[PDB]
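A.B. asks: I'd like to ask some things about the structure below.
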4 protein chains.
Amino acid sequence: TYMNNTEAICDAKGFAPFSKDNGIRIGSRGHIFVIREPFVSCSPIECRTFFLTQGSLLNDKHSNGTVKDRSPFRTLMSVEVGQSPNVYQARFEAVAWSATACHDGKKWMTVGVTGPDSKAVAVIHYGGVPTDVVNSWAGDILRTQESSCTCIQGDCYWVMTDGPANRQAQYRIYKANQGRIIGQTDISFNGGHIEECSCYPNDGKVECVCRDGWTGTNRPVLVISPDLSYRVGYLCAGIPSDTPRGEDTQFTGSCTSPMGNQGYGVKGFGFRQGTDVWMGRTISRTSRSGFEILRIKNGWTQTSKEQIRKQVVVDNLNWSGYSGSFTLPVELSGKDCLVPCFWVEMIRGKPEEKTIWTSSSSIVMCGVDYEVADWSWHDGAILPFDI
Amino acid sequence: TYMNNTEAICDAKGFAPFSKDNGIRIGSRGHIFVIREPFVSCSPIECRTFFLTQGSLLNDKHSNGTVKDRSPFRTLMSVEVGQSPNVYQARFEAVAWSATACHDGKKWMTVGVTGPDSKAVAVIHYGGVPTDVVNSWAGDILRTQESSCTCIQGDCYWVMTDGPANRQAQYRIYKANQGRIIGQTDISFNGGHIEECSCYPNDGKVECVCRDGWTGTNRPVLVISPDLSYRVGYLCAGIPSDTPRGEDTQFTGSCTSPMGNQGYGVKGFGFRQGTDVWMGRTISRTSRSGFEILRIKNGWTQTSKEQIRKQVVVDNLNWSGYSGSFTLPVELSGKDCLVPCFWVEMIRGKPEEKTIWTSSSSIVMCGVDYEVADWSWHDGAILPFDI
Amino acid sequence: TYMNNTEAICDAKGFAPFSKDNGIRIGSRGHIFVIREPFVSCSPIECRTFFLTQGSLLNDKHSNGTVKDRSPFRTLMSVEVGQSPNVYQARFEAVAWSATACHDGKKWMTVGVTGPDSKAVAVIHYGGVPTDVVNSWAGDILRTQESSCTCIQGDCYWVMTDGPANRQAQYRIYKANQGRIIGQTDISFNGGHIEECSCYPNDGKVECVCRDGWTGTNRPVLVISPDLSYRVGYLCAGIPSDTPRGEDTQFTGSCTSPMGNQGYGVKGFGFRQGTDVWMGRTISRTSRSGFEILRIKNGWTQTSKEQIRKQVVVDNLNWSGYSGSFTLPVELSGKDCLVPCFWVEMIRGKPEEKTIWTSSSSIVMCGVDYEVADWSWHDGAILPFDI
Amino acid sequence: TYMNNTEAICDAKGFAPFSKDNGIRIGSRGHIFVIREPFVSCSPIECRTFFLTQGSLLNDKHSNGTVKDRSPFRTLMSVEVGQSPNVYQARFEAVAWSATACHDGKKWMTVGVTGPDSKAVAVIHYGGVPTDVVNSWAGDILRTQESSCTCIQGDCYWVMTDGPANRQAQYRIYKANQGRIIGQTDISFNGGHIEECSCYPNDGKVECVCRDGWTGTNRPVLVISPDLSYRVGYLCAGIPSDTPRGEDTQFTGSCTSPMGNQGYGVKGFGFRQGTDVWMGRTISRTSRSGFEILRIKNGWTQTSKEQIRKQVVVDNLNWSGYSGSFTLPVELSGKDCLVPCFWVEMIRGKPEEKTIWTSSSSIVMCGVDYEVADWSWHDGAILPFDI
Ligand SMILES: CCC(CC)[C@H](NC(C)=O)[C@@H]1[C@H](O)[C@@H](C(=O)O)C[C@H]1NC(=N)N
Ligand SMILES: CCC(CC)[C@H](NC(C)=O)[C@@H]1[C@H](O)[C@@H](C(=O)O)C[C@H]1NC(=N)N
Ligand SMILES: CCC(CC)[C@H](NC(C)=O)[C@@H]1[C@H](O)[C@@H](C(=O)O)C[C@H]1NC(=N)N
Ligand SMILES: CCC(CC)[C@H](NC(C)=O)[C@@H]1[C@H](O)[C@@H](C(=O)O)C[C@H]1NC(=N)N
């Protein structure tokens, strides 16, 4: 029976730790896939941690240039949330250097993008077997979320990008049912840039917080209705949640356009709470270190900078990285609303550290009705490795 | 359907071995999590061994200061009772440096405590997803049992401590149903000290034998009714079952107050048998070595020192450590009463041995109608390791 | 309930990647069985990757003469498609240095051939237990497909060869139901040579594309009806799809006889598409390197050389090897026709490279309605190994 | 529902290979438990390989004196038949240096014997939890089968020995239902010696072929009826099937008394076939090397030495060892009779080879209606190891 994700996202006051895999630390002696871009998605029975392997393991010579983002050895795999991305407990999902996945109440759907940069192919899987495909439509690194996709009443949706990673690119919403594509839409966002959207279900619609690697330090936002009509813009909040970025005091929000000159960026997330917003970000404003989430009153609908809550999950003396959102299935939380949860990726190795490799572990946090105390659940690995 | 643990604890004459994981010995070459504080808990289908990892493996550099008790890398995981705490067979439970867990007949509930010492957070899980939380209420290492919690007719109970580990601290009983907290009580025990309670179901109530790390060498006791009313005191028996402690001859029992001057201590257990009591303890009275369990006639209700039975499980030439209780589900034992079972933790490494690490394995014993012969099922590992 | 594989094979325009195990690369540090001859077969619930181990692991001395094709240590095992052939996730199937396997809708059937070269024995398994046997009938390396067998409405069929690997040999079709042999037929093919047939279901009959290691560079073909009547010949197409072979321009097809002088060969596959054919082959015409599949119009019924589609899966700068076919169960693809899928084996080590061992990994591709772009999903391992 | 093992044992003409684990060869680099005494037993759904670990792994220092037969680190574990006794796929069964196990149609029952030599304890398990116990009754190494026990219509039976391993000892039959002992009988066999019985179901009764380590070179036999009445004697056959032993020509059989002077011995098996018998034995008559099984006409009821069939499974240039019997459940073989199957243990290391350790792998064979060709599926490991 299809999973009903039609409920509203629960209003949360704080965040509690769900899991921590300790992938790298274990990888010093255990058999762990060198990885990157991990994310969480849950079925009505369990939550899994998806990740992009590099076809090699930690502390092995094949972990050499594992910073190259894309290769034909890159594969999407999964384990139960909390377990390291070890070989022996892993489930194979798809061949990919970019991916997304989600359960529709009956089975798992995954989308792995691989192939050559100018004509990549996204293979859609459902039930452990390819079922449909999307070919590059702009011919320039067809890619996707790097976080959980969203399924509402049997239908699943996700966003893909194809084109430059700086100047204007192209963006689409895809809709599928049982692994078969049944709809797509072109997102008009002239001047705006969308990458690695972090999405979740809310009041029957798909809400995402993405990344603008062109000119904005504030994150793009889009609300997707099942029919495929949408709303694109930026997190109104007058606090920039991307990295790199500038000071908050010198920032001016906008729900319509990108602000700041900073070009690059990093995947991030955000949850709407009525008119408010829970927004995650690295503590360092120039680097991928530390991690905190702030709740801004009216932050979702106005250029507000009023902070009602702040919780640290990784201090600034430790490397962070990607971070995305997902929700707990009602069939597991017992609650009457979708529990918002996010994960934070913690990168170790190049380009910041003295190693031939690059990989990451993660920490997962979830909704909760109380305010939780600050702390640092960092990676903890001691670099460099025996190599 | 909920597990009925309303029956009385079976009267046992001796104890038979259930399992032995050989974690450390295997860990010399296999991929085993460095651990500490292991315990057993059973569902209607199987018994599992829960443990606190240190986010690292044996014979790896990350096992360095693994004696520090608390860190943000510490996680609660589980395996089927008897298997070593190896990476590839482990299930992730919670992020924690202190924990408890138990099955209610439908699912597993676990409680992991992590965070900073002054404002720690206990995340409650049910079904593999966080469901509720308890924040530090005394702001000084919020902690729990380190042994199986207790579920009776759908409701599960457990004890937590928050405050100093020497002088007076504070103690509470928590009650939950389906992962949602629905009750709590403050335990008044002025002059007494409660830590790491070992609990089990008996005649419809929760009975625990705990640890007084303040001034007592005899163990605190509390009988918890489902409504949350309780009874707190000490094991009446005139034989001190804590470590360190003094001679038995020079000991005077008390069901009301702590006796002896010895400050420190070690987690231990005890089972009521009508008016009698099966009490476990290290053979050495000053160190954590050896292990034996004694049955004292009328030992539960009087300052009795009459020994009717004595069985050794670990001789005094071998290191022991923690030990807790749990019961076999009627749906597995086929019996008509709850079969009492305990486990003994065997510590290797610091602070007693020449290693950079600290970890432990275990041996599990269970009820049984006959007297079992003495022996030593010790750890067996050859220290030091390649390091 | 029996799996209905009575439908026609879907008409495909291109092929999308299903999986890539990265077995060798992982094997540099992980615990991977040295293997050879891998293949895919699917049940109504999942697809598995079967393989022939050599009773040893990569980067271990026992991988020494692992090029010898046959030994008493060789065993057939399986894992879910996409996982490396690692120890801890493997299911034991049969003792064998030659094999075939397939699911009939209720259980898995496997056929492992082992024993001495002059009187080998094929043990048939069904449900994880031997059920029947076939003894060598020609007394000269009794062998089979090295690819998925075919089950139609409860009955499974496969082809075996017994006799010389150069000059004329003998060939048979075997039929079984629930692991019990219930039929066999002798294939008269005087002048022709059949080895390692790659088969699949089509319009209610078993269609195979095999290997002629005697004198032909074009592949033998046989259409098997459930009653055991058959049709034997060669892929009509005027393009030689075996290796080694000569130029295409200098080739003349034939649906009746072997063409070319080239003796040796390599396992390959082919799918009928109405009158057309999708045929796989190594790019190099002299060596086992690179891999591409071509669609020849009318290629199945005429000596046609008209290429309508060409897709590369492994470039010529990388080693390839065996390749076979299998189909997706309707109960997984949701489609109304059998989705054609193939796999390509990529050999590393002897006799082409500087290693004491020989093994291989694989890449799996599947049907799909669109044309997919060229690329190379090669092995990726860095030889030689620590040895 | 209880497994019906009331049928007669199928008449077999030859034996086909079921599995081969390659435990030692894999153990050169993989994580394999050093073991000894392996055996096979099947449930209505699968066959498993039980084994006695030594609490340590191959190629690790803890494998040092692993020849000592008994220690408190010895544990009984299992895996699916065919898989090596690796850490990550193993199920914990019991603490033991001697064991037996079998499925009754509903669950697994195992019996592990551990403790001190003078007062050992046999813990009986059913469903993964201890359920009953047997204490040493002679106080001298209480021990059991080292092979599969036998369950007929819900009841399981097995044989235990307690006393000297040379001169007269004591022997009993145990009967249990759902893990609870409900019967036992003393076997009067004055002058005879019974050890490690290999048993199987036949025409509703339990038939075993055991080992006389006192004075006989021929094997003891006992037919056990469910009511516990029995028949004890020796394999009538005039061919000695124990090791060491003397020439066959100089042997005189007896169904009543032990023959030959040879003292020691080795576990072996035998299947009745009407009046005939399939008997296994090492090829060497003085050492534990090679393995063959012979069918002797009328061999079960007369001092017959008429050989109708002979099949080799391990040549004399390779080490063998223990060997026991088990039967395939009708619910798996689809047949109408119990399929007889045996396993052969192959010892490597001390006392015959230059290693600090001792362990073994195995090969499993099964019934079958045809005669199978001779061959050698030996261990294949290259000793010594890195140590
Ligand atoms: C070129 C476009 C980039 C996205 C903004 C790039 N995406 C892909 C598919 O390569 C990401 C980016 O280079 C890396 C990062 O910013 O950390 C990860 C990297 N993502 C992945 N390797 N999956
Ligand atoms: C500071 C309070 C102590 C309890 C009496 C302390 N508990 C915690 C949560 O740190 C324990 C104690 O220091 C150690 C021991 O006595 O062996 C284990 C240690 N327990 C854990 N690391 N889980
Ligand atoms: C001698 C006949 C050959 C088939 C044409 C030979 N088959 C067997 C059972 O040994 C194959 C051949 O030598 C190897 C190859 O061509 O790659 C694989 C090899 N196949 C296997 N080892 N399973
Ligand atoms: C002392 C009695 C012996 C049986 C005849 C002895 N049994 C036990 C429980 O120790 C066996 C014997 O010494 C060894 C062998 O013959 O190979 C195995 C050994 N068996 C086991 N270690 N389980």
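A.B. asks: Quick one: in region C:111-140, which of the residues that are surrounded by fewer than 21 Cβ atoms within 10 Å (Cβ to Cβ) and more than 7 Å from every other protein chain (Cβ to nearest Cβ) is nearest to C:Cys156 (Cα to Cα)?
C.D. replies: C:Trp137
A.B. asks: Say we look at region A:188-203 and pick out the residues that are closer than 23 Å to A:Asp104 by Cβ and over 14 Å from the mean Cα position of the chain (by Cα); which of these is farthest from ligand 3 (Cβ to nearest atom)?
C.D. replies: Among those residues, the one meeting the criterion is A:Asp203.
A.B. asks: Which of the numbered conditions does D:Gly238 fail, given that it passes all the others? Conditions: (1) within 14 Å of chain B (Cβ to nearest Cβ); (2) away from ligand 4 (no atom under 15 Å from the Cβ); (3) surrounded by fewer than 24 Cβ atoms within 10 Å (Cβ to Cβ).
C.D. replies: (1)
A.B. asks: To continue, here is another question. Looking at this structure, is C:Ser325 in contact (Cβ under 8 Å) with a residue 40 or more places away in the chain, more than 14 Å from chain A (Cβ to nearest Cβ) and in contact with a strand residue (DSSP E or B) (Cβ under 8 Å, 6 or more places away or on another chain)?
C.D. replies: Against the criterion (in contact (Cβ under 8 Å) with a residue 40 or more places away in the chain, more than 14 Å from chain A (Cβ to nearest Cβ) and in contact with a strand residue (DSSP E or B) (Cβ under 8 Å, 6 or more places away or on another chain)), C:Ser325 qualifies.
A.B. asks: I would also like to ask the following. Taking the condition of being without any contact (Cβ under 8 Å) to a residue 40 or more places away in the chain and not hydrophobic (A, V, I, L, M, F, W, C), how many residues in region C:206-228 meet it?
C.D. replies: 3
A.B. asks: Return a yes/no flag: does region A:330-348 have any residue that is over 27 Å from B:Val133 (Cα atoms) and in contact with a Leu (Cβ under 7 Å, 6 or more places away or on another chain).
C.D. replies: yes
A.B. asks: Which condition number in (1) part of a strand (DSSP E or B); (2) over 19 Å from A:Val159 (Cβ atoms) is the one that A:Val40 fails?
C.D. replies: Failed condition: (2).
A.B. asks: Assess whether D:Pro226 counts as being within 16 Å of ligand 4 (Cβ to nearest atom) and either more than 18 Å from D:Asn298 (Cα to Cα) or exposed (fewer than 15 other Cβ atoms within 10 Å of the Cβ) (or both).
C.D. replies: no
A.B. asks: Of everything in region C:96-110, what is more than 10 Å from every other protein chain (Cβ to nearest Cβ) and either within 21 Å of C:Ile194 (Cβ to Cβ) or not basic (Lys, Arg) (or both)? Give them in sequence order.
C.D. replies: Passing the criteria: C:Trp97, C:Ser98, C:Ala99, C:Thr100, C:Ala101, C:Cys102, C:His103, C:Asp104, C:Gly105, C:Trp108, C:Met109, C:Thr110.
A.B. asks: Which one is nearest to A:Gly115 (Cα to Cα), of the residues in region C:333-364 that are touching a strand residue (DSSP E or B) at 6+ places or on another chain (Cβ under 7 Å) and not in a strand (DSSP E or B)?
C.D. replies: So the residue we want is C:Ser333.
Conditions tested, residue by residue: (1) at positive phi; (2) in contact with a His (Cβ under 9 Å, 6 or more places away or on another chain); (3) within 15 Å of ligand 1 (Cβ to nearest atom); (4) outside any loop (DSSP other than H, G, I, E, B).
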{"residue": "A:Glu207", "(1), (2), (3), (4)": "no, no, no, yes"}
{"residue": "A:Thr217", "(1), (2), (3), (4)": "no, no, yes, no"}
{"residue": "A:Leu222", "(1), (2), (3), (4)": "no, no, no, yes"}
{"residue": "A:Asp227", "(1), (2), (3), (4)": "no, no, no, no"}
{"residue": "A:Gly246", "(1), (2), (3), (4)": "no, no, no, no"}
{"residue": "A:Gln262", "(1), (2), (3), (4)": "no, no, yes, no"}
{"residue": "A:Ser287", "(1), (2), (3), (4)": "no, no, yes, no"}
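A.B. asks: Ok, one more. Could you tell me which of the residues B:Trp278, B:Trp300 is assigned to a loop (DSSP other than H, G, I, E, B), under 20 Å from the mean Cα position of the chain (by Cα) and not polar (S, T, N, Q)?
C.D. replies: The match here is B:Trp300.
A.B. asks: Answer yes or no: is there a residue in region C:255-263 that is closer than 23 Å to C:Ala16 by Cα and in contact with a strand residue (DSSP E or B) (Cβ under 9 Å, 6 or more places away or on another chain).
C.D. replies: no
A.B. asks: Quick check on my filter: what residues within region C:13-31 are under 22 Å from C:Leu328 (Cα atoms) and surrounded by fewer than 24 Cβ atoms within 10 Å (Cβ to Cβ)?
C.D. replies: C:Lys13, C:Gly14
A.B. asks: Among the numbered conditions (1) over 23 Å from D:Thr1 (Cα atoms); (2) within 21 Å of the chain's Cα centre (by Cα), tell me where D:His103 comes up short.
C.D. replies: Only one criterion in (1) over 23 Å from D:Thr1 (Cα atoms); (2) within 21 Å of the chain's Cα centre (by Cα) is unmet by D:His103, namely (1).
A.B. asks: Next question, about the same structure. From the set of residues in region C:22-52 that are more than 8 Å from chain A (Cβ to nearest Cβ) and within 22 Å of A:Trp97 (Cα to Cα), which is nearest to the chain's Cα centre (by Cα)?
C.D. replies: Ranking the candidates gives C:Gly23 first.
A.B. asks: Could I ask something else about it? Do we have any residue at all in region A:177-198 that's over 17 Å from C:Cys366 (Cα atoms) and among the basic types (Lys, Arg)?
C.D. replies: no
A.B. asks: While we're here: So, in region A:58-95, of the ones that are at positive phi and more than 8 Å from chain C (Cβ to nearest Cβ), which residue ends up surrounded by the most Cβ atoms within 10 Å (Cβ to Cβ)?
C.D. replies: A:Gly82
A.B. asks: Being more than 14 Å from chain D (Cβ to nearest Cβ), without any contact (Cβ under 8 Å) to a residue 60 or more places away in the chain and away from ligand 3 (no atom under 14 Å from the Cβ) narrows it down to one residue among C:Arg172, C:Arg143, C:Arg180; which is it?
C.D. replies: Matching residue, one of C:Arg172, C:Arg143, C:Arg180: C:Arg172.
A.B. asks: Name the one entry in D:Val232, D:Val312, D:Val277 that is more than 20 Å from D:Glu207 (Cβ to Cβ) and either surrounded by 19 or more Cβ atoms within 10 Å (Cβ to Cβ) or more than 16 Å from ligand 3 (Cβ to nearest atom) (or both).
C.D. replies: Unique residue meeting the criteria: D:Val312.
A.B. asks: Among the residues of region C:4-21, is any more than 21 Å from C:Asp336 (Cα to Cα) and either among the charged types (D, E, K, R) or more than 11 Å from every other protein chain (Cβ to nearest Cβ) (or both)?
C.D. replies: Looking for residues that are more than 21 Å from C:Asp336 (Cα to Cα) and either among the charged types (D, E, K, R) or more than 11 Å from every other protein chain (Cβ to nearest Cβ) (or both), one finds at least one in region C:4-21, hence yes.
A.B. asks: Right, next: Taking the condition of being of a type in the set (S, T, N, Q), within 16 Å of ligand 1 (Cβ to nearest atom) and buried (at least 22 other Cβ atoms within 10 Å of the Cβ), how many residues in region A:141-167 meet it?
C.D. replies: Residues that pass the stated criteria total 5.
A.B. asks: Taking region D:32-51 only, how many residues are buried (at least 24 other Cβ atoms within 10 Å of the Cβ) and in contact with a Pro (Cβ under 8 Å, 6 or more places away or on another chain)?
C.D. replies: Counting residues in region D:32-51 that are buried (at least 24 other Cβ atoms within 10 Å of the Cβ) and in contact with a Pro (Cβ under 8 Å, 6 or more places away or on another chain) gives 8.
A.B. asks: Does region B:241-269 hold any residues that are surrounded by fewer than 21 Cβ atoms within 10 Å (Cβ to Cβ) and either among the hydrophobic types (A, V, I, L, M, F, W, C) or without any contact (Cβ under 8 Å) to a residue 40 or more places away in the chain (or both), and which are they?
C.D. replies: B:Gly246, B:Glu247, B:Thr249, B:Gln250, B:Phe251, B:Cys255, B:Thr256
A.B. asks: So is D:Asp162 among the acidic types (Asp, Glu) and closer than 27 Å to D:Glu7 by Cβ or not?
C.D. replies: So D:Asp162 does not fit the description; no.
A.B. asks: Okay, next question. Anything in region D:368-384 that is farther than 29 Å from D:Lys310 by Cβ and within 9 Å of chain C (Cβ to nearest Cβ)? List them, or say none.
C.D. replies: D:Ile382
A.B. asks: If C:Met365 passes every condition in (1) within 25 Å of C:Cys210 (Cβ to Cβ); (2) within 11 Å of chain A (Cβ to nearest Cβ); (3) touching a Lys or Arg at 6+ places or on another chain (Cβ under 6 Å) but one, which one does it miss?
C.D. replies: (3)
Using ideal geometry, Cβ is built from the backbone for each residue, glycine included, and neighbour counts are taken over all protein chains shown. Every number here is computed from the coordinates shown, using simple stated rules; none is lab data.
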